[PDB]
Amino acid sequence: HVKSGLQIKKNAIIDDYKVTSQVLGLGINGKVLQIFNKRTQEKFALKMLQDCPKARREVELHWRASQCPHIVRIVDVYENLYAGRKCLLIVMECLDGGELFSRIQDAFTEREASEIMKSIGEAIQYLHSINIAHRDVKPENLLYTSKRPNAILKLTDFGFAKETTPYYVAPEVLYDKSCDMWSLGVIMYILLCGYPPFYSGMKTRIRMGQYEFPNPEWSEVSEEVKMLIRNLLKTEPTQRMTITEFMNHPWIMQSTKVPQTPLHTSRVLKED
C-alpha cells in the first residue's frame, strides 16, 4: 500500500549494462536499443530521451503506471551525459514476444479476443484510476513478454501520457481519458476481423463515424460485441463508454463464457 519512489541513478549505464546496437524499434521520443546486464546475462531494453521537462514527465508518469502488471516495468532510470548534454536513459523489461498482431498473424477465437481486451483494459483501468491518460494506445505499443503461450500483453510508451487533473459531491465538482476508449474500440475492431474500421478521404470517415460490420468477417460475431464497439467508437467523446463500464461489460468480465467462435483475423492479417 506504499510503493517506493523513483530512485533515478546518476552513474554511467556502461558500468552496469553492455549497450549494444540491436534496435527493437523507433517512435515518439527516440529509438529503443537492446542492452544486456553485465552482472547476470539478462536482456532488458533501453529507451533514450534527452533531459527536458516533458521527457522528465514521461519517466514520472510511467513510474507510477509501472506497478500495473499489464504495463512495461521500468527497472531503472539513469541520468547521464551523452555526447555533452543531459539525458534520461530508461531501462525497461525486455519484451521479445512481438507486437500484438504480429503474434496473431502466425485458429484464433472470439474468446481469445475477449481475453486480450481484458488485459489492455486492466492497464487502461489502472491508468485512469490514478489520473493518467495514455493518449497513444495503438497496436505498435502493445508487446508480449516472451514467445511462450501464456505470456502477458503489456502496454508501452508514455510519450503522449498526461495527467488528467463530501460523499454526496458530484465528479465534475472535484477529456483526455475518453481518447483511450476510442483506441480500445479500434483495437477490438481489428481483433475481431483483422482490418481497421477506417482506411483509404479517411479523415472524413473518422469524423462522420462511417464504418460497417461486413461479411464474412463479422458474420459469426454477435450483436453484443458489435454494440460494444459502437459505444467505443462514438464521434462524441462524452457520449463514449468509460473504462469502468468497459470492465463491467459481460463480454469483458466473463471472458470464459464468450464462445470459441472462429474469426478471420489470423488469415486477414496474413495478406498484408
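Residue indices: 1-based, along the sequence shown. In this text, the rigid core denotes the largest set of C-alpha atoms whose superposition between the two forms falls within 1.5 Å.
S.K.: Name the stretch, 138-146 or 191-199, whose C-alpha atoms sit farther from the shown form on average in 9 other deposited structures of this protein, taking the rigid core as the superposition reference.
M.R.: Output: 191-199, the stretch lying farther off on average in 9 other deposited structures of this protein.
S.K.: Which of these two stretches, 125-133 or 79-87, has the larger RMS Cα offset in 9 other deposited structures of this protein when the rigid core is kept aligned?
M.R.: Stretch with the larger root mean square C-alpha distance in 9 other deposited structures of this protein: 79-87.
S.K.: Relative to the other PDB entries of this protein in the set, is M181 coordinate-less in at least a third?
M.R.: It is not, since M181 is included in all of the other entries that model both flanking stretches.
S.K.: Would you say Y167 goes unmodelled in a third or more of the other compared entries?
M.R.: Yes: coordinates for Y167 absent from at least a third of the compared entries.
S.K.: In this entry, is the chain continuous from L174 to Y175, or are deposited residues missing in between (none, 1 to 3, 4 to 9, 10 or more)?
M.R.: In the deposited sequence, 4 to 9 residues between these two have no coordinates.
S.K.: Please count the deposited residues lying between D106 and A107 that the model leaves without coordinates, and give the class: none, 1 to 3, 4 to 9, or 10 or more.
M.R.: The entry has 4 to 9 unmodelled residues between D106 and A107.
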